[PDB]
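Coordinates as given in run_5.cif (mmCIF, C-alpha atoms and all ligand atoms):
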```
data_query
loop_
_atom_site.label_atom_id
_atom_site.label_comp_id
_atom_site.auth_asym_id
_atom_site.auth_seq_id
_atom_site.Cartn_x
_atom_site.Cartn_y
_atom_site.Cartn_z
CA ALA A 1 58.07 6.41 157.83
CA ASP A 2 61.77 5.65 157.42
CA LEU A 3 63.93 3.88 160.00
CA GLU A 4 65.44 6.91 161.73
CA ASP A 5 62.03 8.54 162.20
CA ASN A 6 60.54 5.33 163.61
CA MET A 7 63.48 5.11 166.03
CA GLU A 8 62.83 8.71 167.03
CA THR A 9 59.25 7.63 167.69
CA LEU A 10 60.40 4.68 169.81
CA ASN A 11 62.90 6.74 171.79
CA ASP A 12 60.50 9.63 172.38
CA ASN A 13 57.62 7.47 173.47
CA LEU A 14 59.78 5.40 175.82
CA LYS A 15 60.73 8.63 177.57
CA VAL A 16 57.02 9.55 177.63
CA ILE A 17 56.17 6.28 179.40
CA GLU A 18 59.07 6.80 181.82
CA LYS A 19 57.80 10.21 182.96
CA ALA A 20 54.06 9.52 182.71
CA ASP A 21 51.79 9.62 185.76
CA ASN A 22 48.56 8.41 184.13
CA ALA A 23 47.38 5.40 182.14
CA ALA A 24 46.03 7.28 179.10
CA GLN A 25 49.45 8.75 178.33
CA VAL A 26 51.17 5.38 178.78
CA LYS A 27 48.61 3.66 176.55
CA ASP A 28 48.94 6.30 173.82
CA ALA A 29 52.72 6.08 173.90
CA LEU A 30 52.72 2.27 173.72
CA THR A 31 50.30 1.95 170.80
CA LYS A 32 52.42 4.54 169.02
CA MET A 33 55.51 2.45 169.70
CA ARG A 34 53.70 -0.64 168.43
CA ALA A 35 53.01 1.08 165.11
CA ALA A 36 56.53 2.51 164.76
CA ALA A 37 58.10 -0.91 165.36
CA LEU A 38 55.93 -2.60 162.72
CA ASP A 39 56.90 0.13 160.24
CA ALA A 40 60.55 -0.13 161.20
CA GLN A 41 60.40 -3.85 160.52
CA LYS A 42 60.04 -3.04 156.79
CA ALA A 43 63.26 -0.99 156.50
CA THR A 44 66.79 -2.06 155.65
CA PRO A 45 69.33 -0.66 158.12
CA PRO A 46 72.50 0.97 156.77
CA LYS A 47 74.71 -1.87 158.03
CA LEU A 48 72.66 -4.52 156.21
CA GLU A 49 72.33 -2.70 152.88
CA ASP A 50 74.33 -5.39 151.04
CA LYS A 51 72.15 -8.26 152.36
CA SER A 52 69.33 -10.10 150.67
CA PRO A 53 65.95 -9.62 152.38
CA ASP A 54 65.90 -13.39 153.07
CA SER A 55 69.39 -13.46 154.64
CA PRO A 56 69.70 -14.60 158.27
CA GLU A 57 70.82 -11.12 159.31
CA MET A 58 67.75 -9.54 157.73
CA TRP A 59 65.54 -12.30 159.16
CA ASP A 60 66.95 -11.64 162.62
CA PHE A 61 66.68 -7.87 162.21
CA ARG A 62 62.97 -8.20 161.40
CA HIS A 63 62.33 -10.73 164.15
CA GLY A 64 63.74 -8.31 166.71
CA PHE A 65 60.66 -6.19 166.07
CA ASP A 66 58.35 -9.16 166.73
CA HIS A 67 59.96 -9.54 170.16
CA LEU A 68 59.65 -5.80 170.73
CA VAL A 69 55.97 -5.74 169.78
CA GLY A 70 55.44 -8.73 172.05
CA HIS A 71 56.77 -6.80 175.04
CA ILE A 72 54.75 -3.74 174.00
CA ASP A 73 51.55 -5.81 173.99
CA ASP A 74 52.27 -7.19 177.46
CA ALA A 75 52.74 -3.63 178.71
CA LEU A 76 49.67 -2.54 176.75
CA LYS A 77 47.57 -5.12 178.59
CA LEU A 78 48.71 -3.94 182.03
CA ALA A 79 48.07 -0.37 180.92
CA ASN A 80 44.55 -1.19 179.73
CA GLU A 81 43.90 -2.87 183.09
CA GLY A 82 44.81 0.48 184.65
CA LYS A 83 48.06 -0.77 186.24
CA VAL A 84 50.20 2.21 185.20
CA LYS A 85 53.12 1.29 187.44
CA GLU A 86 53.33 -2.31 186.25
CA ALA A 87 53.04 -1.11 182.65
CA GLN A 88 55.92 1.30 183.17
CA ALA A 89 58.09 -1.47 184.60
CA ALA A 90 57.30 -3.68 181.63
CA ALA A 91 58.30 -0.86 179.31
CA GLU A 92 61.65 -0.58 181.11
CA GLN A 93 62.41 -4.21 180.22
CA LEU A 94 61.78 -3.29 176.56
CA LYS A 95 65.20 -1.68 176.81
CA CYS A 96 66.86 -5.11 176.52
CA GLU A 97 65.27 -5.36 173.07
CA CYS A 98 66.46 -1.93 171.89
CA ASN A 99 69.98 -2.72 173.09
CA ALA A 100 70.04 -6.24 171.62
CA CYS A 101 69.16 -5.17 168.09
CA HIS A 102 71.37 -2.09 168.31
CA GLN A 103 74.49 -3.99 169.32
CA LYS A 104 73.99 -6.32 166.34
CA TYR A 105 73.00 -3.83 163.62
CA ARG A 106 73.09 -0.16 164.57
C1 LIG B 1 65.96 -3.93 165.56
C2 LIG B 1 64.97 -5.09 165.74
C3 LIG B 1 65.74 -2.69 166.46
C4 LIG B 1 65.16 -2.59 167.67
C5 LIG B 1 64.19 -3.53 168.39
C6 LIG B 1 65.24 -1.22 168.06
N1 LIG B 1 66.06 -0.54 167.18
FE1 LIG B 1 66.68 1.44 167.35
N2 LIG B 1 67.78 1.29 165.69
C7 LIG B 1 67.88 0.11 164.97
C8 LIG B 1 68.85 0.29 163.92
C9 LIG B 1 69.24 -0.76 162.87
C10 LIG B 1 69.31 1.73 164.03
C11 LIG B 1 70.33 2.46 163.13
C12 LIG B 1 69.43 3.28 162.22
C13 LIG B 1 70.24 4.12 161.25
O1 LIG B 1 69.66 4.53 160.22
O2 LIG B 1 71.44 4.36 161.52
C14 LIG B 1 68.61 2.26 165.17
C15 LIG B 1 68.76 3.54 165.64
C16 LIG B 1 68.17 4.02 166.78
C17 LIG B 1 68.30 5.37 167.25
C18 LIG B 1 69.15 6.41 166.50
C19 LIG B 1 68.35 6.86 165.29
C20 LIG B 1 69.09 7.97 164.59
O3 LIG B 1 68.45 9.01 164.28
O4 LIG B 1 70.31 7.81 164.36
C21 LIG B 1 67.57 5.48 168.37
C22 LIG B 1 67.38 6.72 169.27
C23 LIG B 1 66.96 4.19 168.62
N3 LIG B 1 67.35 3.32 167.64
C24 LIG B 1 66.13 3.87 169.66
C25 LIG B 1 65.51 2.66 169.87
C26 LIG B 1 64.66 2.35 171.01
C27 LIG B 1 64.35 3.35 172.16
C28 LIG B 1 64.27 1.06 170.89
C29 LIG B 1 63.41 0.16 171.81
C30 LIG B 1 62.14 0.79 172.40
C31 LIG B 1 64.87 0.56 169.68
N4 LIG B 1 65.61 1.55 169.06
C32 LIG B 1 64.68 -0.71 169.21
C33 LIG B 1 67.22 -1.08 165.17
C34 LIG B 1 66.39 -1.41 166.20
MN MN B 2 61.97 -15.46 168.30
MN MN B 3 62.58 -10.12 174.87
#
```
Just give me the structure of the file as structure tokens.
Amino acid sequence: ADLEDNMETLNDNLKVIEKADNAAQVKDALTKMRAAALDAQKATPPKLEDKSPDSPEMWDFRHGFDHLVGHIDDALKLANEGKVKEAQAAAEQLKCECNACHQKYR
């Protein structure tokens, strides 16, 4: 449950959503992402290892996962309503979140 493994979970399950052709597989990938992002939110990334947990950098690092989970839930709702294609498109826009946090802190 460390940061690199959670990121492996996020990356793998985004590719799963991208190639999926059914709702069950999209839904399982998304809920798995949701869990991995909440667990990642507890880690300290290598480039913030000198920071206090209440620093603005650490606050912003953690809050990035709230935004990510928010997108995941939107996609989760489409995917529970059976709209696989809309859910996949929503998951593609998650990529702005990955990129945003990465350019600041990876
Ligand atoms: C901060 C709020 C993050 C968001 C959102 C996402 N990622 Fe991330 N990721 C983050 C950091 C700080 C790091 C560096 C970790 C380290 O220990 O060096 C990463 C790294 C990755 C990696 C590489 C992991 C590795 O084994 O080196 C991948 C493949 C990755 N991140 C993917 C990824 C995806 C697909 C995300 C959105 C669905 C995503 N990350 C969001 C911080 C944050
Ligand atoms: Mn915010
Ligand atoms: Mn966003």
Excluding residue 48 in chain A and any residue of its chain fewer than 6 positions from it, enumerate the residues within 12 Å of it, using all atoms listed in the file, and give them as a PyMOL selection string.
chain A and resi 54-62+104-106
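Comparing the minimum interatomic distances between residue 81 in chain A and each of A:103, A:26, A:39, A:98, counting only C-alpha atoms, we find that A:26 sits nearest.
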As a PyMOL selection string, please: every protein or nucleic acid residue near ligand MN 3 (chain B) (cut-off 12 Å, counting all atoms listed in the file).
chain A and resi 63-74+90-101
Can you work out the spacing between CA of residue 30 in chain A and CA of residue 78 in chain A in Å, to one decimal?
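Atom-to-atom, CA of residue 30 in chain A and CA of residue 78 in chain A are spaced 11.1 Å apart.
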Need to verify the contact set: residue 82 in chain A, 12 Å, all atoms listed in the file, exclusion of same-chain residues closer than 4 positions in sequence. Can you return it as a VMD selection string?
chain A and resid 21 to 27 75 to 78 86 to 88
